[PDB]
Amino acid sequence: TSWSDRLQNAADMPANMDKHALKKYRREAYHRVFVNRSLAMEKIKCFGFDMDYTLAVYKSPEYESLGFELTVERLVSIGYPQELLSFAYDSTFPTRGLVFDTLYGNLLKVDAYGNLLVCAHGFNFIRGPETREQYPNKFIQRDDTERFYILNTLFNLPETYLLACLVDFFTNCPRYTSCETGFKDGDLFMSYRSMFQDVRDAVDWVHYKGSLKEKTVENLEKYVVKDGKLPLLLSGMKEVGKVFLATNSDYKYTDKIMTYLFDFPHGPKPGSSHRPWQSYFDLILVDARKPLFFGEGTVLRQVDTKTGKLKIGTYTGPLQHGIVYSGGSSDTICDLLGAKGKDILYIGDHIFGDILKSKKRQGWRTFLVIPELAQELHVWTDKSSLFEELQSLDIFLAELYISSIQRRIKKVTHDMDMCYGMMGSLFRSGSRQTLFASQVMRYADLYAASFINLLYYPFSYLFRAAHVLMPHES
């Protein structure tokens, strides 16, 4: 039961819009919207969406495995060894948000301050004192982008695993000699950095030049979650505000995916005429190039929706019905919809490109979709005795001012973390929060396993979070 299995199970349920049913339903963690800062829904005049992993949630592990297979196949085509073909995607290894260290070839899980929580070299999990040799302060400077790459998108899950597979393969393959910064194959030296760059290039190639999109669209039921409540929620939003799409994908792919997402024998509710996907949006913008979108953006272009090609020239005209935009900037949205930033709720899955940047650059209100949360929540609840023991142990140890029973803290930490996978929870390792967790709290005003959870609150709902006080104020 993957996170997408949870989501698709919830998706198959029809909406009971009886108000008592709704209030009961959202009380359950799985159908809940979680709140980091208060948000009066009544003040939202525009609801904006990302597509991939927001409206179109790709099924797991099938989609990751396809991405993996095609990336491997690309590496082999450019000359990586044939043994790569015997790799197979393993959903139990990667957790999202890990940092690849290109100097030493390690996957690192870090807290918000760059402190090392976990360090794996290939599939070898490096214990504390062993990590000191390479990380003397058990710390990385994560903004060193020449050295560190943060794998924080769901598209990065296959490469997260593939990096580890590669390091493991080269390390254990007798043709190569392991060195601190890469591998020696006679008169060739493959640095972890060049290896990392080849992988990044292959993932990009698969998405943009290869067969990933083709293979996705020829079996959308296998690869894409579908939910008849989507048009219900979007039609409700359109009654109280304006609705827009701003996606990095191109028009042709967007059209295939969105058409599938709305392909039911009905419109918003059962019994109603089907309406085309485009009719749910006051503004549709493709090729958005987020996060550049939230600064200067790119020139505004118009899509010829018949050919799927761009019309030649910059589009200088007004918002009209049936127009599809390409490129532009977040100011295009504000200007054409007559909105200020705080009137906008933008809904997406990219913690950096969607949520952090829209908040910091423009003051948009933010809703972060976290697909894995559908399953992380089940683990959090099922294993809460483990976390509470860890809390009591931390309390007890601190009150003590028999301390070598803090190896008990290491053991419980490991057991808890393993319930989530080899790289633990998205949100923490034991009692320590990840960078990702901290970013979620700081930049996502609201978050949930799916944006569909908004359906269970009225549009006048006031989402509340407690005020923060400084220690000297408390």
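Start at 1 with the first residue shown and count on from there.
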| property | result |
| --- | --- |
| Higher-scoring stretch by recorded Cα B factor average, 277 to 285 or 318 to 326 | 318 to 326 |
| Stretch with the higher entry mean CA B-factor, where the candidates are 446 to 454 and 461 to 469 | 461 to 469 |
| From 65, 36, 406, 439, residue of greatest CA B-factor | 406 |
| Maximum C-alpha temperature factor, selected from 74, 96, 109, 383 | 383 |
| B-factor third for the C-alpha atom of residue 231 within its chain | middle |
| Chain third (lowest, middle, highest) by recorded CA B-factor, residue given as residue 420 | middle |
| Chain-wide C-alpha B factor ranking for residue 308, given as lowest, middle or highest third | highest |
| Assigned third (lowest, middle, highest) for the C-alpha B factor of residue 128 | highest |
| Record-listed C-alpha B factor of residue 428: chain third | lowest |
